[PDB]
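Read through the structure below, which is laid out as structure tokens, and then see the notes.
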Amino acid sequence: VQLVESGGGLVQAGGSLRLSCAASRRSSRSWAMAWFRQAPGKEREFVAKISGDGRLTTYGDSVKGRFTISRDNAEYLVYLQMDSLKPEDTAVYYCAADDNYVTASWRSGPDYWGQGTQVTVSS
Ligand SMILES: CN(Cc1cnc2nc(N)nc(N)c2n1)c1ccc(C(=O)N[C@@H](CCC(=O)O)C(=O)O)cc1
């Protein structure tokens, strides 16, 4: 099972970017999904998570009100809409899956991890 992140690249502060998460296989179980990000020298940090059915979301305090997480269970995609970007925000973004929604925001929670997509925000 491979998680594959898309949509990373070079963008401008105050811009928008959409990332997406895809999977190499479908599962018969309902998974909670998350995005995490990791800047040059730091820990992988929580960004957003979403319950199996798309009903529950929670956001890391630094992106709250700016990023929207949502999912399309038909196409099997997870999306991260990133509005009002800042130079901080520059990071490798990773999509992940977790068998429950409680642990999904905890670094050791997720059972599956993407290889990551580079987002760079200039001023
Ligand atoms: C976490 N997940 C990927 C996954 C799940 N839900 C999604 N949901 C959405 N909306 N978007 C995705 N990209 C998405 N990706 C998985 C997890 C396990 C396996 C897997 O090893 N296959 C087994 C394990 C799970 C099972 O027993 O059903 C299988 O038979 O399906 C597949 C994908």
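All residue names refer to the structure tokens as shown: chains lettered A, B, ... in order, residues numbered from 1 in each chain, ligands numbered from 1 in order.
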
Next on the checklist: At a cut-off of 8 Å and counting only C-alpha atoms and all ligand atoms, what residues surround ligand 1? Please answer as a ChimeraX atom specification.
Outcome noted: /A:1-3,21-33,52,71-78,96-99,111-112

Mind writing the picked residues with C-alpha atoms as a compact mmCIF listing (two decimals), in the first residue's frame?
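Writing the result to part.txt gives the following:
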# COMPACT_ATOMS: atom_id res chain seq x y z
CA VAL A 1 0.00 0.00 0.00
CA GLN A 2 1.45 3.27 -1.24
CA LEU A 3 0.25 6.70 -0.37
CA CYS A 21 -3.56 12.21 -1.62
CA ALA A 22 -4.09 8.96 -3.56
CA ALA A 23 -3.67 5.27 -2.71
CA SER A 24 -2.31 2.31 -4.71
CA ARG A 25 -5.13 0.02 -3.46
CA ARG A 26 -8.59 0.38 -1.89
CA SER A 27 -9.36 -0.94 1.56
CA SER A 28 -12.61 -2.46 2.83
CA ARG A 29 -12.18 -0.65 6.17
CA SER A 30 -12.89 2.99 6.89
CA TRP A 31 -9.67 5.01 7.55
CA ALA A 32 -9.14 8.38 9.17
CA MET A 33 -6.78 10.50 7.05
CA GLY A 52 -13.62 8.11 7.59
CA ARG A 71 -12.06 13.83 1.06
CA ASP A 72 -13.62 12.11 -1.97
CA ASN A 73 -14.33 8.55 -1.08
CA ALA A 74 -15.53 7.71 -4.64
CA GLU A 75 -12.25 8.56 -6.35
CA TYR A 76 -10.35 7.62 -3.16
CA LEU A 77 -8.69 11.05 -2.77
CA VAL A 78 -7.82 13.26 0.14
CA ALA A 96 -1.14 9.47 6.12
CA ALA A 97 -3.77 6.98 7.17
CA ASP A 98 -4.84 5.81 10.63
CA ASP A 99 -7.36 3.19 11.74
CA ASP A 111 -0.28 3.23 10.22
CA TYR A 112 0.67 4.49 6.66

Next on the checklist: Give me the residues near residue 58 in chain A as a count of residues only, where near means some atom within 7 Å (using only C-alpha atoms) and where sequence neighbours in that chain fewer than 4 positions away do not count.
Outcome noted: 3

Checklist entry - For the atom pair CA of residue 43 in chain A and CA of residue 86 in chain A, what is the interatomic distance in Å to one decimal place? => result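 Atom-to-atom, CA of residue 43 in chain A to CA of residue 86 in chain A, that is 18.8 Å.
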
Item to check | Selection: 12 Å around residue 42 in chain A, only C-alpha atoms, excl. self and same-chain fewer than 3 positions, as a PyMOL selection string | outcome: chain A and resi 37-39+45+90-92

Residues as selected, N, CA, C and O atoms, written as a short mmCIF file (atom, residue, chain, number, x, y, z; two decimals), in the first residue's frame, can you do that?
data_model
loop_
_atom_site.label_atom_id
_atom_site.label_comp_id
_atom_site.auth_asym_id
_atom_site.auth_seq_id
_atom_site.Cartn_x
_atom_site.Cartn_y
_atom_site.Cartn_z
N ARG A 37 3.40 17.98 7.91
CA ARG A 37 4.46 18.67 7.17
C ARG A 37 5.78 18.70 7.95
O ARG A 37 5.80 18.59 9.20
N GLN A 38 6.89 18.83 7.23
CA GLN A 38 8.18 18.82 7.89
C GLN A 38 9.18 19.80 7.25
O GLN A 38 9.68 19.58 6.11
N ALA A 39 9.47 20.86 8.00
CA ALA A 39 10.44 21.87 7.57
C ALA A 39 11.90 21.44 7.78
O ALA A 39 12.17 20.46 8.48
N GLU A 45 5.16 17.77 11.71
CA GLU A 45 4.23 18.50 12.54
C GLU A 45 2.82 18.23 12.01
O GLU A 45 2.65 18.09 10.80
N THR A 90 6.40 26.59 4.20
CA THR A 90 7.35 25.88 3.32
C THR A 90 7.76 24.62 4.00
O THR A 90 8.20 24.68 5.15
N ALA A 91 7.58 23.48 3.33
CA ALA A 91 7.80 22.16 3.96
C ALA A 91 7.49 21.01 3.01
O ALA A 91 6.70 21.17 2.06
N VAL A 92 8.04 19.84 3.32
CA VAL A 92 7.55 18.59 2.77
C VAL A 92 6.22 18.18 3.46
O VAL A 92 6.16 18.02 4.68
#

Next on the checklist: Considering only strand (DSSP E or B) as DSSP defines it on the backbone, what residues of chain A qualify? List them as a PyMOL selection string.
Outcome noted: chain A and resi 3-6+10-12+17-23+32-38+45-50+57-59+67-72+77-82+91-98+112-114+117-122

Checklist entry - Which of these, A:55, A:35, A:80, A:8, has the shortest distance to residue 95 in chain A once you count only C-alpha atoms? => result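 The closest residue to residue 95 in chain A is A:35.
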
Item to check | Residues near residue 116 in chain A, cut-off 7 Å, only C-alpha atoms, skip fewer than 4 positions along chain, as a VMD selection string | outcome: chain A and resid 5 92 to 94

What does the file look like for those residues with C-alpha atoms, as a PDB file, in the first residue's frame?
ATOM      1  CA  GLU A   5       0.892  12.952  -2.532  1.00  0.00           C
ATOM      2  CA  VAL A  92       7.547  18.591   2.765  1.00  0.00           C
ATOM      3  CA  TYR A  93       3.835  17.653   3.172  1.00  0.00           C
ATOM      4  CA  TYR A  94       2.906  14.056   3.870  1.00  0.00           C
TER       5      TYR A  94
END

Checklist outcome for this item: Using only C-alpha atoms, the residue out of A:40, A:114, A:54, A:109 with shortest distance to residue 20 in chain A is A:114

Checklist entry - Between A:121, A:56, A:69, A:104, which has the minimum distance to residue 84 in chain A (counting only C-alpha atoms)? => result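 For residue 84 in chain A, the nearest of the given residues is A:121.
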